[PDB]
Each structure stands twice: as C-alpha cells, then as structure tokens.
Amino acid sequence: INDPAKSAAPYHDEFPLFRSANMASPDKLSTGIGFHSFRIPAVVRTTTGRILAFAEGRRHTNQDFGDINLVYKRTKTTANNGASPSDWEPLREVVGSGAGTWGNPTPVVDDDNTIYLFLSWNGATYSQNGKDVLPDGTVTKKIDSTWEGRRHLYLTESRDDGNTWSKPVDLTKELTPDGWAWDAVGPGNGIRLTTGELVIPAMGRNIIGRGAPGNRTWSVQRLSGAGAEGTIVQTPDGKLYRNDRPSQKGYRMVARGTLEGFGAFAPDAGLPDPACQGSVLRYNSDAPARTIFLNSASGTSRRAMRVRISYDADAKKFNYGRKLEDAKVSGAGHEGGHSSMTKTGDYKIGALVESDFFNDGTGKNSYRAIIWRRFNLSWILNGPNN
C-alpha cells in the first residue's frame, strides 16, 4: 500500500519537442527539409544517460502514407536529462530516402549501447486503404502481398550513442511471415529482459533477439489474437506482458507469457482505450516494484491522456493515476494520441505525447506536434483523482 515516492516533492515540466510547420520555430533538418506534422513518438535512454527521441516526420500532411521520414533529436549531453528546450539538439534524420513511408520507430537499447531501431516501410504509391489522393493528385494503390506493395520491416542501428545510423537493412523475408501485406512494428519500444534477451513487439508476433549484445540473432514468436500495434514489458514476476491497441474502440488487449509462449488476449476492463497506441514502462523491481502505463483513458477520445502505476507482480491492475491535463501545455494544440516513455537519469519519467492543432478537424491538414514531458512518481501519486 505504501510508496515512499509519494513523500518526495512532486515534479513536472513539459514543452513541445517536435514543432509542426504552423508553429513559431518549426523543426526542420539542416538540409532545409521541413514537415507538416510529427507523429508516432518513440523514446529510449541509452546506457550513457543520453535520451533519444524519434518520430515520423510527415512531410506534406498528417496522413499515414506518402513521403514520411524517420527523424530524431538527442539530448546535447548524456547528463542533462532533457530538462529544458536548450538541452535538446536540433532535428536530425535517421532515414528519409525516396518519397515512400519510413516509420513505426521501435527502438531498444542493447547491453553494449548498440541502439537498435526497428522500422516499417511502404512505397510512395501505396497506402493501407488504397485509393487515397497524394499531394500531386496521384491515387494510391492498396498495400498488398507483392514485394513492391507490402509493408517491409527494416532495421538500423547506432554504435555512437545515436550520433549516426546505418542505412536500414531490409529484414522482411526473415522476420515478417510470407504472404503478409499490411504490417507494423511497435510503435514505441522494445525491451531487454532480466534474462538477457531482447523483445520487440510487432503485429501478430514478437521479435526476439538472442546472443551477443549489438550482434543479435533474431527470430519470430508468433502470437494468437495479438493486435497490429503492441507493447511489451517484463512484469515484476519476470513474465512477459503484451498490452496491445484493440482493433475497435474499447479496452486495451492484454496477454501474459514467456519466450515459450503466451496465453490468450483478453480486454483489460480497467484500461479503456479509443483504439489508439499506448506505452508501458518497467520502472523498478525492488519493493515496491512498479510498472507504468500511458494511454488515452477513454473509449471515444484520444484527448484523455492518463499515466498510471501498477504494483502487481503481473500488472493485473493499474491505479487511476494522473491526467496529463493536470499539467497542460499551452500553444501546441490539443494533447493526446500516441505516447512513449523512458526513465531519465535524474529519477523522473520522460514521456513523448502527440498533440493535434485540429485546425482542419479530422482532416489531412491538421498540424500535429509532439510534447515532451517529465514528471516523477510523486507527481503521479499526488493526483487529485486517486
């Protein structure tokens, strides 16, 4: 019942980290290439303490298809914990080749500090639904099972604390089942287990990394009833926990297991979700062991962001937690959507959260920004709705 964290001084601060084209000082690459929207956050802390924040740079509209580059920012130092805007480097690019889609960033930090980044890719003229109009009037083909038309799975890595990245290597044939069309990895993060393996959540499956850090052998763990956009965590009991986006609005879909297999997925009645990506973080295993979860706590809206704590050895139940709106950001639109969480070096939680200006309503011209938040456990625990 007791948590010493509640007695600590509560701490929170927050600011836009990826600034859309409509904002003052919009984020652009050194080449001058700019972006209508930033969506699909992912964040990890490396073994040095540096924080790496990734996003999809959606060039022309907020849509999932078309020219989309994989962008990122690092903290300028390994020790600043991204505490203020001046602590963050300017926008950089992992990969932006062609006019197709580079996205679904799903990083994991390995023991040697190799940072692996799993990505999804699709071609310039394809979209999930097909028949979508591109900025030049071109109508998309529907993503299909052909080599040119399917979703690919790519892997890149950094050996220098995120400073540079390898040209992504196509692992589709090795790590995506044959005959698939649509695919997704993450988005959000993979994990490293107490037992040494890596686990990367993907559509219908986990990707497992074994062997030498930064030199892993990869394999596929097929799952029954998993979602397209999954999250993974090792719960305090040492078991695995998939907490996935549902296909229809309702509740997060949860399954538990090990590297030998998972039980059935079932909705978690305690975690409503509007059919949107969420994030999960293993905080600590010593008493009192904690798992952190973040999503929109709503069956209908993405604007109900709520960070929560579970003390359960199997993360069966999360507390009410705290609404992010208790510490709202002004000037970056309506917060809510995808999220990704990391621990920081100064005993805080760092979270990236989508925001939507909604200037074009549900339309393609609605600018999307990404907020960076830091808060401690005390902040969560001192929420008025617990």
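Residue positions are given as counts along the sequence shown, with the first one as 1.
**Report entry** Stretch with the higher entry mean CA B-factor, where the candidates are 281-289 and 239-247
**Finding:** Result of the comparison: 281-289.
Requested in this report: Would you tell me which stretch averages the higher CA B-factor in the PDB entry, 304-312 or 134-142?
Outcome: Higher of the two, by average CA B-factor, is 134-142.
**Report entry** Per the PDB entry, maximal CA B factor within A351, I68, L52, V329
**Finding:** Of the options given, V329 has the highest CA B-factor in the PDB entry.
**Report entry** Which of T125, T156, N295, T176 ranks first by CA B-factor in the deposited coordinates
**Finding:** In this record, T125 carries the highest C-alpha B-factor of the candidates.
Query raised in the report: In terms of the chain's CA B-factor thirds, is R322 lowest, middle or highest?
Result: Middle third - that is where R322 ends up once the chain's C-alpha B-factors are sorted.
Report task. Relative to the other modelled residues of the same chain, rank the CA B-factor of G34 and answer lowest, middle or highest third. Result -> Within its chain, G34 is a middle-third residue by C-alpha B-factor, going by the deposited values.
Report task. Divide the modelled residues of the chain into thirds by Cα B-factor and specify which third, lowest, middle or highest, holds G186. Result -> Lowest third of the chain for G186's C-alpha B-factor.
**Report entry** Among modelled residues of the same chain, the CA temperature factor third for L17
**Finding:** For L17, the deposited C-alpha B-factor lands in the middle third.
Report task. Using the B-factor values recorded in the entry, state whether the Cα atom of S219 falls in the lowest, middle or highest third among the modelled residues of its chain. Result -> It falls in the middle third of the chain.
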